[PDB]
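# Structure at a glance
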Amino acid sequence: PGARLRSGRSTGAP
Amino acid sequence: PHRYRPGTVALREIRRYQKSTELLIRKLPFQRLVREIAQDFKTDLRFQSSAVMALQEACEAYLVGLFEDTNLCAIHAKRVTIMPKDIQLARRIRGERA
Amino acid sequence: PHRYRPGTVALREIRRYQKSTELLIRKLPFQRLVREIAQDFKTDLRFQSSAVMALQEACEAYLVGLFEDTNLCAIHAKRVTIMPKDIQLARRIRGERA
Amino acid sequence: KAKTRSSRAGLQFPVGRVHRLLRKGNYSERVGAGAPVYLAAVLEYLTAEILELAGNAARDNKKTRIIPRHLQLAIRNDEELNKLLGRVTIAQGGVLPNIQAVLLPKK
Amino acid sequence: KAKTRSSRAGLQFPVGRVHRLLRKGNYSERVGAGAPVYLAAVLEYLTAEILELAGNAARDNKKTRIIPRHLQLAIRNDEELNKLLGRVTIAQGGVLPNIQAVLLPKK
Amino acid sequence: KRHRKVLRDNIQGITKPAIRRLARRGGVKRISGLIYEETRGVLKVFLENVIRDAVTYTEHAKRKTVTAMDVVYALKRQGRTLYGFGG
Amino acid sequence: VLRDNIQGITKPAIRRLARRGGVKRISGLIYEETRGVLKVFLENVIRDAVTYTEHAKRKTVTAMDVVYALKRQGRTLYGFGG
Amino acid sequence: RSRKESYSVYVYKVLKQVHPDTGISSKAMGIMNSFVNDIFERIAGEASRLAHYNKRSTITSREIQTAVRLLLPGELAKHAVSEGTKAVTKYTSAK
Amino acid sequence: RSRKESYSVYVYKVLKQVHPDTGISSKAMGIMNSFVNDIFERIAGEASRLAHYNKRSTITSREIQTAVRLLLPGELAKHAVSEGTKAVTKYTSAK
DNA sequence: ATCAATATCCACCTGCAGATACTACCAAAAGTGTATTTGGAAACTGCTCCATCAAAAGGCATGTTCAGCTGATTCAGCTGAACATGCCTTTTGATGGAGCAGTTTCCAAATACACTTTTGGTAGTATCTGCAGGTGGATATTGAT
DNA sequence: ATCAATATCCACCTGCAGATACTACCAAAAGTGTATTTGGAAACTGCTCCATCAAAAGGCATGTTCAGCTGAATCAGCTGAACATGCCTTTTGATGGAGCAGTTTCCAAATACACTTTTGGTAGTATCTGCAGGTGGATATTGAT
Ligand SMILES: O=C(O)c1ccc(P(c2ccccc2)c2ccccc2)cc1
Ligand SMILES: [Au+]
Ligand SMILES: [Mg+2]
């Protein structure tokens, strides 16, 4: 729910 | 019957078009092309007539500039005939592409 | 007695220098050239260490870019040897003059 | 005894207007008394330079009225105006007559 | 009692600093409440994108510390970042391995 | 109402002769037959880029009409600054 | 054994720059032509930098002076501030 | 001995979210600083122009969003616009 | 009929000073207008930046002057600086 | 083919330069509470943009014909690549002081306000006039012979 | 270097389109001339970091030998220019219809502003370690034969 990149990875969770 | 040799009328045309400032693309075709491309981005668009003339003045000045650079690219290769590879090299060096 | 053929070391240098990022001009000659050129604009001038490095970084990146464009102009003309006319044409189409 | 800041400064170009445009354009918090006067003067200088040369191009082409072609000839034939305006298009300007030498005929 | 505008917006980038840099920057007289949130999110996104791809490039060279070379490889190997940064020099970045095909030896 | 007539293939209204004329102003003496299609492609790309920016200004303004000023701002952004149409 | 500062930009160094630029073969005229281009580049950037220095009533050209100069000459540099 | 601000602390956090095991050099951090400041100026710059063109005294989320559409290529714009709308959403929904 | 303002009046004065028997088309006047707005923005912009670069909140003739040295080439700068240094020095000692 | 010279590649090692981690101090972000400014919502213009159509120059499409340009081939001569050395220039590492920048102080200069005055825009009107577009007729250029 | 086909030049001669130049005219903006605020040049001084200068170290200047690239000459195939012929579509100049820009007036949100409370982010510092060297030995590459 943080930052979503183009590669399809996120930034963890909370 | 008496024919000009290849290149004589081409040089006549260069002298004539380099002397004048009139837009060289027909007005209505160019307006249709603007409306088509704009419509593909957003439906229900209208244009100030001066918007379309501004686009046409900007497009012609761009293509004229590009043909000068393209001609330098043909002449650098020891030709006098511009080819796609001359436009491509012009655009690559202008950093209009990778 | 073993000798590498023309262009084989050239390719090896290309692979080597495209792999690394070290500045390729010696620092002191560059510093001297900076200070010379600068003197003609204001005398008794000092330069931060980082100011000169900024200049060398910018100037080497510029020249490397220019050799790439220059190489394309040489290859354009069906050669593999860069010449003054290749640098000149690259500069012209980039709009650095003429 | 109302004097315009133009007349104080000896300028045709409006110092008032230029002060305002520096105000509404959010270039800085505050604008000095000098700034508008200096700017209005530079703008006036440059327009005088262009109109001198375009005037000459009009007269060369046996004409009394400066048109965009005369401004294009003026700008493009002057090394310094050409550099100042190197990324500008003058609507209805055309280009300079210029044929690459190799393209001309015969030996 | 105090919660950072960042912590509310779900961001690592400083919404407060961005708000101030917009004020002290003479961009406009006034600044909507959202504008610095959005701006700080955009800058965080683009930072993540670049650190993602630079991380990958670092890992690929058997490395755990990002260096400028890794930033240059990430950027120039991505059509979109390369366009965004087309007129930018990454100091100590070098270039991509690129030998024009016609320069390769015959056998 | 009337709904607009469908617009397709208008790039072909940039005729071979119109491209010859532009090439002549640009000092070109001889032209490969492949140049015409290459010029249409380069022109479409150039118009799409300037219109995309003009229409973006139109939409930001909450207008349905593309103004000369929208085009002039798009050309300036693109580093193709145009004099003669305001700004 | 004294020479110009420009010639301090030596054949082998220019040859290295070309090589990072992917050049295989180099005409001998390139070295002087390259020195010409290099001079103009540094002239144009150092002029604008020094104009920044003078404006700040300083006698020392900063990295920022250079970075600000590179930016407006359309050669934006990253890693020295700004 | 005066405060020299940077985005280093934030770049370092986003690095840890994205590559938890991965570090960053001083020179690399200088490039990332240059990066943020550059995109900051480009976006603020377009926003300022947009507002001036529309005779507005105010830069809102809407000027930032249009600025982003004008300045970022294709997918970068799309994703950036969505991260920006999302952060404004989350922030408006925060008592 | 909303008053839309231009530099026409002043361009035409300067035309009459340099070429007293010469006219200008509205198109040509349109161009001269574009030219003035353009050089205005370029100089104001350089000045804006110059002030920010030096943590100043005031654009003075000194910022304009440096902006002119950065924007104009050699000779145009020389002459432009003269006319602006003159116009100021006069405007000051005309009070 | 073979054979060797040299370049390149991967595993392991290890000292310290250049990271990450930690702390107290304060500039600058957030909190609260009035103080102003704005940017839709509604409600009307006239402007100007869409459309449609009729008549006629004006330019476009196409097919034919061959001049001469491109690009493939061959080849000679000159011009750059390679290379083996030592010396000369740069790089490295260790001190004096120029000058950047920290900072506080007070006034010359810029803002804020609200007057009065004048400029510059426009609408309307007329009033003039430069020049585009046309037409001959004298003159230059090109290409056959 | 003679000649004829055809483009080009230039000087006349119109009829407006577009320029100039009145108005009167007014509305917004520029100017005036105190009341209030403050930003920046001034002066002082401290403590970085820049210039200089003398041992440590490899990079470059050099001249020679020839591999192979560049460019010159030649030639044939075929692409692209010129131009004639047929006619479609653009240009031009109306008319009517309305969509929508562009204005101008209430404001209830929205953001600025002035002041206080709080803490995140900076700069010393204080540790921790990623990796640039270096070595050893296997294998790959290149070019001679
Ligand atoms: O945009 C580029 O980066 C670019 C690079 C090279 C070329 P030239 C080219 C010619 C020979 C070898 C290599 C390149 C080209 C392009 C199309 C057909 C034939 C030749 C054109 C563009
Ligand atoms: Au090519
Ligand atoms: Mg469509």
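Residues numbered from 1 in each chain as written, not as in the entry; some residues may be left out. Chains lettered and ligands numbered in written order. Heavy atoms only, no water.

Method information in the entry identifies X-ray crystallography as the source of the structure, with 2.301 Å recorded as the resolution.

Identification of chain G as Histone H4 from Homo sapiens is taken from the PDB entry. The Sequence similarities field of the UniProt record for chain G holds the comment "Belongs to the histone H4 family." (UniProt positions renumbered as here; feature names shortened; annotations may be inferred.)

## Some words on the nonpolar core
Core analysis: the largest hydrophobic core is formed by 112 residues, its most contacted members being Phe67 of chain B, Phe30 and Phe67 of chain C, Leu47 of chain F together with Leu42 of chain G. Beyond its immediate sequence surroundings of up to four residues, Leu47 of chain F is in contact with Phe30, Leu33, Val34, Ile37, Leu55 and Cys59 of chain B together with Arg52 of chain F. By size, the runner-up hydrophobic cluster in this structure holds 70 residues, among which are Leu5 of chain A, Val15 and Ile90 of chain E together with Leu15 of chain H. (Core = buried A, V, L, I, M, F, W, Y, C linked by side-chain atoms within 4.5 Å. Buried < 20%, exposed > 50% of the residue type's maximum accessible area, 1.4 Å probe, protein only. Contact = heavy atoms within 4.5 Å.)

## Quick look at the protein's contact with DNA strand J
Neighbouring DNA strand J are 90 residues, the closest being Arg17 of chain D, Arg15 of chain G, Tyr12 and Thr58 of chain H together with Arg1 of chain I. Counting only atoms of DNA strand J within 4 Å of the protein, the fraction found in sugar and phosphate groups is 97%. Contact distances for DNA strand J include 2.5 Å between a phosphate oxygen and a side-chain N or O atom of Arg15 of chain G. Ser6 of chain I is positioned such that a nitrogen or oxygen atom in its backbone is 3.4 Å from a phosphate oxygen of DNA strand J. (Near = heavy atom within 4 Å. Polar contact = N/O pair within 3.5 Å; in protein donor to acceptor, adjacent residues only side chain to side chain.)

## Comments concerning the site of ligand 1
Neighbouring ligand 1 are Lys85, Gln88, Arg92 and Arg97 of chain B together with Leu72 and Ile75 of chain C. More than a single chain frames ligand 1: its nearby residues are located in chains B and C. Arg97 of chain B is positioned with one of its side-chain polar atoms (N or O) 3.3 Å from an oxygen atom of ligand 1. About the coverage of ligand 1: the protein hides 60% of its 480 Å² of free accessible area. Only α4 (84–93) of chain B together with α3 (49–76) of chain C provide two or more residues apiece to the shell around ligand 1. It is α4 of chain B that provides the largest number of residues to the shell around ligand 1, a total of three residues. Along the lines of polarity and charge, the residues of the shell around ligand 1 split into two nonpolar, one polar and three charged. (Areas by Shrake-Rupley, 256 points an atom, 1.4 Å probe, with all protein chains shown as cover. Helix = DSSP H or I, 4+ residues; strand = E, 2+ residues; numbered from the N terminus. Nonpolar A, V, L, I, M, F, W, Y, C, P; charged D, E, K, R; others polar.)

## Thoughts on empty space enclosed by the protein
Empty space left among the atoms is revealed by rolling a probe the size of a water molecule over them. Under the criterion given, the structure shown has two cavities of 30 Å³ or more. Of the volumes computed, that of the largest cavity is approximately 70 Å³. As for the largest cavity, its lining consists of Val72, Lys76, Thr81, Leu82, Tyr83, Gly86 and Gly87 of chain F together with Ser34, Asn37, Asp38 and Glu41 of chain I. Counting only elements with at least two residues in the lining of the largest cavity, the list comes to α3 (68–77) and β3 (81–83) of chain F together with α2 (26–53) of chain I. In terms of residue count, the dominant contributor to the lining of the largest cavity is α2 of chain I (four residues). (1 Å grid on protein atoms, 1.4 Å probe; cavity = no way out; pocket = protein on both sides within 12 Å on 5 of 7 lines; lining within 4 Å. Points joined across faces, edges and corners; volume = space filled by probe spheres on them.)

## Re the interface of chain I and chain D
With 59 residues of chain I at the contact, the number on the chain D side is 55 residues. Counting the surface chain I buries against chain D, the share from its top three residues, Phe40, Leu76 and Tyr91 of chain I, is 13%. Connecting chain I to chain D are two salt bridges. Note that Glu5 of chain I and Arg17 of chain D form a salt bridge whose closest N and O atoms lie 3.1 Å from each other. Seen at the junction of chain I and chain D, the total is 17 residue pairs in polar contact. It is α2 of chain I that provides the largest number of residues to the side of chain I that touches chain D, a total of 16 residues. As defined by bridge partners, strand β2 (residues 65–66) of chain D adjoins strand β1 (residues 23–24) of chain I across two bridges and the pair is classed as parallel. When the bridges of β1 of chain I are listed, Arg65 of chain D appears paired with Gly23 of chain I. (Buried area = accessible area lost by both parts, 1.4 Å probe. Salt bridge = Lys/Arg side-chain N within 4 Å of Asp/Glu carboxyl O. Pairing = 2+ DSSP bridges.)

## Looking at the protein's contact with DNA strand K
Residues in close proximity to DNA strand K total 82 residues, the closest being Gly7 of chain B, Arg5 of chain C, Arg17 of chain E, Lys4 of chain H together with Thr58 of chain I. Counted by atom, the contact set of DNA strand K within 4 Å of the protein is 96% sugar and phosphate. The separation between a phosphate oxygen of DNA strand K and a polar main-chain atom of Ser49 of chain C is 2.9 Å. In the model, a phosphate oxygen of DNA strand K is placed 2.7 Å from a nitrogen or oxygen of the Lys4 of chain H main chain. Residue composition of the surface near DNA strand K, by class: 19 nonpolar, 24 polar and 39 charged.

## Observations concerning the packing of helix α1 (residues 11–20) of chain G against helix α2 (residues 30–55) of chain G
When two helices pack together, their arrangement is given by the angle between the helix axes and the distance between those axes. All names here are of chain G. Where α1 contacts α2, the two axes come as close as 10 Å, and the packing angle between them is 80°. Here α1 is positioned roughly perpendicular relative to α2, judged by the angle of their axes. Together, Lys11, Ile14 and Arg15 of α1 and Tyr31, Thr34 and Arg35 of α2 make up the contact between the two elements. Its residues assigned to classes, the contact of α1 with α2 comprises two nonpolar, one polar and three charged. (Axes fitted to C-alpha atoms, helices over the stretch in contact; angles between N-to-C directions. Parallel < 35°, antiparallel > 145°, perpendicular 65-115°, else oblique.)

## Quick notes on the arrangement of the chains
Over all C-alpha pairs, chain A and chain I never come within contact, reaching a minimum spacing of 32 Å. Nothing in chain H touches chain I, and the closest approach of their C-alpha atoms is 11 Å.

## Focus: the interface of chain H and chain A
Each partner contributes to the interface: chain H provides eight residues, whereas chain A provides eight residues. With both chains or domains summed, chain H and chain A bury close to 730 Å², and 53% of this area falls on carbon and sulfur atoms. Looking at the side of chain H facing chain A, the largest losses of area belong to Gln17, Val18 and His79 of chain H, adding up to 51% of the total buried there. Scanning the region where chain H abuts chain A turns up zero salt bridges. Broken down by secondary-structure element, the contributors of at least two residues to the side of chain H that touches chain A are α1 (8–18) and α4 (74–92) of chain H. Here the element with the most residues in the side of chain H that touches chain A is α4 of chain H; it accounts for five residues. Within the side of chain H that touches chain A, the residues separate by chemical class into two nonpolar, three polar and three charged.

## A few points about the side chain of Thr22 of chain I
If you trace the backbone, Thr22 of chain I turns up in the loop between α1 (8–18) and β1. With near-sequence residues (within four places) excluded, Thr22 of chain I lies in contact with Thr64 and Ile66 of chain D together with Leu15 and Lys16 of chain I.

## Quick look at the pattern of salt bridges
One pass over the full model with this rule turns up 42 salt bridges over all chains. Linked by salt bridges that have partners in common, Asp69, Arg91, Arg94 and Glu96 of chain B together with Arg92 of chain C make up one network.

## Considering helix α2 (residues 27–41) of chain B
Side chains of residues three or four places apart in an α-helix project in the same direction, reflecting 3.6 residues per turn. Between its first and last C-alpha atoms α2 of chain B spans 22 Å; for 15 residues at 1.5 Å apiece the expected length is 21 Å, and the two agree. Within the sequence span of α2 of chain B, burial applies to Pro29, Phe30, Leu33, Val34, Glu36, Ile37 and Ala38 of chain B. Close packing links the buried residues of α2 of chain B with β1 (46–47) and α3 (49–76) of chain B together with α2 (35–60) of chain F. (Expected span 1.5 Å × (residues − 1).)

## Quick notes on the packing of aromatic side chains
Taken as a whole and judged by the stated rule, the model has 18 aromatic pairs over all chains. Each ring, one from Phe13 of chain D and one from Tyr7 of chain I, has its centre 5.9 Å from the other, and the planes form 15°; the classification is stacked. In this pair, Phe13 of chain D sits in the loop between α1 (5–9) and α2 (15–24) while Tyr7 of chain I sits in the segment before α1, so the two residues belong to two different chains. Given a relative accessible area of 0%, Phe13 of chain D falls into the buried group. What makes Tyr7 of chain I buried here is its relative accessible area of 4%. For the ring pair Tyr68 of chain G and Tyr53 of chain I, a centre distance of 3.5 Å and an interplane angle of 15° mean the geometry is stacked. Of this pair, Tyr68 of chain G sits in helix α3 (residues 63–72) while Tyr53 of chain I is found in helix α2, placing the two residues in two different chains. Ring-pair connections join several aromatic residues into one group, and the members of that group are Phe13 of chain D together with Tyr7 and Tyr10 of chain I. (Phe/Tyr/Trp six-rings, centres within 6.5 Å; stacked < 30°, edge-to-face > 60°.)

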